[PDB]
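The data below hold one chain only, encoded as structure tokens and taken in the form deposited in one PDB entry.
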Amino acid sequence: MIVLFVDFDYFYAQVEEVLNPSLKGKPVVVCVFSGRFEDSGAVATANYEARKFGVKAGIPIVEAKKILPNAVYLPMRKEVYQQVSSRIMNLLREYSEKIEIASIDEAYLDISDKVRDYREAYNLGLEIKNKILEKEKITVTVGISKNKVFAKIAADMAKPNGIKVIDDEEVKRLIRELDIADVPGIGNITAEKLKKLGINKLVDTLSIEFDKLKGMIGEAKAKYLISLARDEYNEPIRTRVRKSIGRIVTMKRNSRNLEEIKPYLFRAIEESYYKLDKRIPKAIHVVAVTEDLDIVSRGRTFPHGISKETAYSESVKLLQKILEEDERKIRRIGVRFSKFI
């Protein structure tokens, strides 16, 4: 099995550079402005010029401006990025029937029935990069290996504007030398749990009792890591089907007043239904982020589709439930629809 992973380079920022070439060469930072106050919000992404200075996705916009006050700060235009992405995804579809769109700027292609070996896989990779560059003027990084996990790892090692093949011998080397924290699906929390078990490399998961590992990180992740370490991981590339659609916004001020929160909630529902387009959900969840940034949610699944009117009435009840069961003030409020018919 041969998997080819495509990962668009610093995507949002790159799209803004393509739409406005005068920005090339300068540090560009795409931001999510919350509106609570001047420059409140976080960085969605930044081009590599800005990253050289430590500006990365996730950091407060103010922190970024303290480090790079003269960079170009742009508001995120998600709709634009989505349209460019869909066009690029359509180009990828021409190279394989078996394609998994993981997110807005990542996709896995099973090309095992398209190429004879990694030599040809590498060439298809170059062809894919050239096609996207030709059509959309966007650079991407390609990762190639025996399965989805190592194809992605390859892309991580090669970005930006790269192409990397991780052959069978290198997979074995990585199983023994790659820090387990760099394996997809292993975040800080899980990495620390593993640390306590003396596990820092995939190979280490083969020196401990499965029972002990499963007790620390759960059966799902335990079987996952072991299959990888044993080099048996071969999960198929599956066509992605949207399971949920939602919208969450930050309020001007923290609140516990139902009438003050409702407008934000209804606005989120309107935007959610716009995005649903044709899809009809059977489940609705109201999600709230409290003043201390904890996340609380209350939902309901109906035996039928949810009309926009039902969404309005039910969302109010779910919100009242949240206010009745949690005493903290709310900072962000939103909704998420799922279980489509």
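Quick note: we count residues from 1 along the sequence shown, nothing fancier. Rigid core here is just the name for the largest C-alpha set that superposes within 1.5 Å across the two forms.
The next section is about a form of this same protein that is not shown, the form deposited in another entry.
The comparison between the shown form and the other one, aligned on the rigid core, picks out a single residue among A107, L194, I111, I237 whose CA moves by 2 Å or more, and that residue is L194.
Superposition of the core reveals a Cα shift of 2 Å or more for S207 between the shown form and the other one.
Superposed on the core, the two forms differ at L323: its CA moves 2 Å or more between the shown form and the other one. Core-superposed comparison between the shown form and the other one: the CA of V32 stays below a 2 Å shift.
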